[PDB]
Amino acid sequence: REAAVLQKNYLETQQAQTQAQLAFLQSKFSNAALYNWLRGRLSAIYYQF
Amino acid sequence: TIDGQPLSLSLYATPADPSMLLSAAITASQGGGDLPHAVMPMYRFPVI
């Protein structure tokens with residue numbers, strides 16, 4: 001039983017680590033929103049050029 | 001009972017559910033740069 005409680009603590013640690021990776025990818029400067037803006041702006045510039 | 005053990009069993013309530021973890025990518029805004037003061041050169045248009 002105590003081994004299973006440690007396993008649940010391990011899984012909750014993995015949940016918090018997955019959320020930490022997710023928050024890093026949301027909050028990084030080179031996230032998907034920068035590339036959305038970047039290709040939309042460059043697409044407009046590219047058609048006019 | 002004769003030994004002191006109960007007949008009506010005890011309550012086993014439901015524990016707290018595992019929550020869903022939430023984060024947010026909050027955003028800011030720096031404005032555009034103010035366009036500088038233009039300076040007339042000495043060279044013609046193709047050179048400059």
# chains A, B, ... in the order shown; residues from 1 in each chain; ligands from 1
call {"tool": "residues_around", "arguments": {"residues": "residue 23 in chain A", "least_positions_apart": "4", "cutoff": "8 Å", "atoms": "only C-alpha atoms", "output": "number ranges by chain"}}
result
A: 19, 27; B: 23-25
call {"tool": "write_last_selection", "arguments": {"atoms": "N, CA and C atoms", "output": "short mmCIF file (atom, residue, chain, number, x, y, z; two decimals), in the first residue's frame"}}
result
data_model
loop_
_atom_site.label_atom_id
_atom_site.label_comp_id
_atom_site.auth_asym_id
_atom_site.auth_seq_id
_atom_site.Cartn_x
_atom_site.Cartn_y
_atom_site.Cartn_z
N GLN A 19 2.60 19.70 -17.01
CA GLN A 19 2.06 21.05 -16.97
C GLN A 19 3.16 22.11 -17.02
N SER A 27 4.59 30.04 -22.72
CA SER A 27 5.16 31.31 -22.29
C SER A 27 6.49 31.65 -22.94
N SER B 23 -2.77 26.72 -16.69
CA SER B 23 -1.82 27.80 -16.87
C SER B 23 -2.37 28.75 -17.91
N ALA B 24 -1.61 29.81 -18.17
CA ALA B 24 -2.06 30.83 -19.11
C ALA B 24 -0.85 31.52 -19.71
N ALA B 25 -0.93 31.79 -21.01
CA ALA B 25 0.08 32.59 -21.70
C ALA B 25 -0.46 34.01 -21.78
#
call {"tool": "interface_residues", "arguments": {"of": "chain A", "to": "chain B", "cutoff": "10 Å", "atoms": "only C-alpha atoms", "output": "list in words"}}
result
residues 12, 15, 16, 18, 19, 20, 22, 23, 24, 25, 26, 27, 28 and 31 of chain A
call {"tool": "write_last_selection", "arguments": {"atoms": "N, CA, C and O atoms", "output": "PDB file, in the first residue's frame"}}
result
ATOM      1  N   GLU A  12       1.606  12.111  -9.845  1.00  0.00           N
ATOM      2  CA  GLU A  12       1.264  13.521  -9.684  1.00  0.00           C
ATOM      3  C   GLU A  12       2.455  14.421  -9.978  1.00  0.00           C
ATOM      4  O   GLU A  12       2.281  15.531 -10.505  1.00  0.00           O
ATOM      5  N   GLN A  15       2.464  14.637 -13.659  1.00  0.00           N
ATOM      6  CA  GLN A  15       1.425  15.557 -14.115  1.00  0.00           C
ATOM      7  C   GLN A  15       1.886  17.004 -14.005  1.00  0.00           C
ATOM      8  O   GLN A  15       1.696  17.801 -14.933  1.00  0.00           O
ATOM      9  N   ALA A  16       2.493  17.356 -12.868  1.00  0.00           N
ATOM     10  CA  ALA A  16       3.007  18.710 -12.689  1.00  0.00           C
ATOM     11  C   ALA A  16       4.159  19.011 -13.641  1.00  0.00           C
ATOM     12  O   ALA A  16       4.308  20.150 -14.089  1.00  0.00           O
ATOM     13  N   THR A  18       4.486  17.664 -16.733  1.00  0.00           N
ATOM     14  CA  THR A  18       3.857  17.874 -18.033  1.00  0.00           C
ATOM     15  C   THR A  18       3.222  19.256 -18.111  1.00  0.00           C
ATOM     16  O   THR A  18       3.329  19.943 -19.136  1.00  0.00           O
ATOM     17  N   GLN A  19       2.604  19.703 -17.014  1.00  0.00           N
ATOM     18  CA  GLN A  19       2.057  21.054 -16.974  1.00  0.00           C
ATOM     19  C   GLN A  19       3.157  22.110 -17.016  1.00  0.00           C
ATOM     20  O   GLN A  19       2.963  23.177 -17.603  1.00  0.00           O
ATOM     21  N   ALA A  20       4.323  21.816 -16.438  1.00  0.00           N
ATOM     22  CA  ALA A  20       5.441  22.752 -16.498  1.00  0.00           C
ATOM     23  C   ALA A  20       5.998  22.870 -17.911  1.00  0.00           C
ATOM     24  O   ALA A  20       6.321  23.976 -18.360  1.00  0.00           O
ATOM     25  N   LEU A  22       4.215  22.338 -20.600  1.00  0.00           N
ATOM     26  CA  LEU A  22       3.164  23.033 -21.333  1.00  0.00           C
ATOM     27  C   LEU A  22       3.214  24.533 -21.081  1.00  0.00           C
ATOM     28  O   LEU A  22       3.085  25.324 -22.019  1.00  0.00           O
ATOM     29  N   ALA A  23       3.413  24.940 -19.826  1.00  0.00           N
ATOM     30  CA  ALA A  23       3.488  26.359 -19.502  1.00  0.00           C
ATOM     31  C   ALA A  23       4.741  27.000 -20.074  1.00  0.00           C
ATOM     32  O   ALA A  23       4.714  28.179 -20.451  1.00  0.00           O
ATOM     33  N   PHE A  24       5.837  26.241 -20.157  1.00  0.00           N
ATOM     34  CA  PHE A  24       7.026  26.732 -20.838  1.00  0.00           C
ATOM     35  C   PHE A  24       6.764  26.953 -22.320  1.00  0.00           C
ATOM     36  O   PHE A  24       7.194  27.963 -22.884  1.00  0.00           O
ATOM     37  N   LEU A  25       6.062  26.021 -22.971  1.00  0.00           N
ATOM     38  CA  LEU A  25       5.788  26.196 -24.395  1.00  0.00           C
ATOM     39  C   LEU A  25       4.775  27.302 -24.653  1.00  0.00           C
ATOM     40  O   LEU A  25       4.816  27.938 -25.710  1.00  0.00           O
ATOM     41  N   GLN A  26       3.856  27.537 -23.717  1.00  0.00           N
ATOM     42  CA  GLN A  26       2.936  28.659 -23.863  1.00  0.00           C
ATOM     43  C   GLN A  26       3.653  29.987 -23.667  1.00  0.00           C
ATOM     44  O   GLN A  26       3.372  30.959 -24.376  1.00  0.00           O
ATOM     45  N   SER A  27       4.589  30.045 -22.721  1.00  0.00           N
ATOM     46  CA  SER A  27       5.160  31.310 -22.288  1.00  0.00           C
ATOM     47  C   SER A  27       6.491  31.647 -22.945  1.00  0.00           C
ATOM     48  O   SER A  27       7.007  32.746 -22.719  1.00  0.00           O
ATOM     49  N   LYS A  28       7.063  30.739 -23.732  1.00  0.00           N
ATOM     50  CA  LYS A  28       8.310  31.019 -24.428  1.00  0.00           C
ATOM     51  C   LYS A  28       8.091  32.074 -25.505  1.00  0.00           C
ATOM     52  O   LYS A  28       6.979  32.286 -25.993  1.00  0.00           O
ATOM     53  N   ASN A  31       7.140  30.812 -29.333  1.00  0.00           N
ATOM     54  CA  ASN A  31       5.982  29.940 -29.291  1.00  0.00           C
ATOM     55  C   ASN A  31       5.264  29.972 -30.633  1.00  0.00           C
ATOM     56  O   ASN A  31       5.704  30.621 -31.581  1.00  0.00           O
TER      57      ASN A  31
END
